[PDB]
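Next comes just one chain, in C-alpha cells: the form deposited in one PDB entry.
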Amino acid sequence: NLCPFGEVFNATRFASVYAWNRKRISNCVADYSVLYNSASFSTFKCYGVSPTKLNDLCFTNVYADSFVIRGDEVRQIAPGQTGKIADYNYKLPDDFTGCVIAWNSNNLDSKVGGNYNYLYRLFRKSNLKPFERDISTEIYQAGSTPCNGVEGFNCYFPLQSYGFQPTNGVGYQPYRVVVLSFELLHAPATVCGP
C-alpha cells in the first residue's frame, strides 16, 4: 500500500493557513523520490533527516499539514521563526523533525478579480504554541477602547484575506505548503520506504 501523498500534494483545494489541514499517514510504504526528483518545489527542507535518506527510514506517527500562504512568508514555516504566520497561524517547534515543501500556486490560487478566499489570522493576544490551531473569531481589542464583543474603532475582526491577483509580484503570490511531521523512535513503525 503506497502512502497517499498525491492526495495531500495534489488536492484540488487547500486550507487557509489559520485553519490549516492535517492528515495522518499510517500503515503504508512511502516513495519520497517522486518529491525530490521533481523541480516543481521552491522550498524542500528537512529537519533531523536528510531528504535523500528518507526512503531508508521507518517512521512513527507521520502527519501531513497543508495550507496556502504568501510566497514571502514561506521562511516562517521553519523551526525558530517569527512573524505573522509563525506567531498567529502555524507554528513549528524548535525541535521539529520532518520536511517543509512549498511551491508557487499562482496558476491555481490567483484570480483576475483577486482571490480573497484564503485567510490568515492578523491579530492575537499571544503567540501560538507549536502545532496549535486557532479558528476563533472573537473581536480583537487593538487599542485603549473596550470592544464588548462589538466591531468598531480599534476593535477588529481578527482574520484578514490575502489578496491574490495574477499580476502580483512573486513574493505576493500564493504558495501551497505541505509540512510532513516524523517521529524516529525505538518503537514500531507503520510508515517505511521502498
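Residue numbers run from 1 along the displayed sequence. Residues that one form lacks are left out of the comparison. Superpose the two forms; the largest set of C-alphas matching within 1.5 Å is the rigid core.
Below: the form deposited in another entry, not depicted.
Aligning the rigid core between the shown form and the other one and inspecting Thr145, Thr167, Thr137, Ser42, the C-alpha positions shift by 2 Å or more at one residue, which is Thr145. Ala11: CA moves less than 2 Å between the shown form and the other one after rigid-core fitting. Shifted segments between the shown form and the other one, defined as at least 3 consecutive common residues whose CA atoms all move 2 Å or more after rigid-core fitting, lie at 143-149, 183-187.
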